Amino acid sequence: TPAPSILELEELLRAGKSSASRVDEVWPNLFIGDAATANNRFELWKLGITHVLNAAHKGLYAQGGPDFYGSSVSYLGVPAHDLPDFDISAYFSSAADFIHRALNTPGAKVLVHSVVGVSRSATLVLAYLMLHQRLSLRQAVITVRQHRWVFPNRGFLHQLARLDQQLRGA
């Protein structure tokens, strides 16, 4: 079965959740959210978030230790731009390892976020699902789309389909 075309991807992406929420659990203890969500440390505390992957990080790519004040014990900042020519695939492995290590830690919960929680953040979660949860791209999309409306840009879609080809041997 070949990897899906961009057109097919986009049709898969539009079929799921008609919903606007700021943050959604899309896989056990794994959340995708927006900037508003990431910038309210009290609500992250209420949610039980222990690990934060900012897919729209401003600055150099960087990991962080525990938050000066907040509940977060570990931060990863991926300085992606939401552009089709941006090489987000360079961060798939490191982002996916961060997520994996956290979800294999009893009691941890991970929030991956970006400005609107639609493209940069979802792209990394899709790659995680493919890398570590044995899912094809289509299956990663079907998984996520039930719980949040997501829509990686076409450049990112290409990169995820390349990854789907590499992992499955097309």
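Each residue number is its position in the shown sequence, starting from 1.
Mean C-alpha B-factor is higher over 97-105 than over the other stretch, the pair under comparison being 97-105 and 119-127. The PDB entry records a higher mean C-alpha B factor for 42-50 than for its counterpart among 42-50 and 139-147. Sorting the modelled residues of the chain by their CA temperature factor places residue 60 in the highest third. Among all modelled residues in its chain, residue 160 ranks in the lowest third by Cα B-factor.
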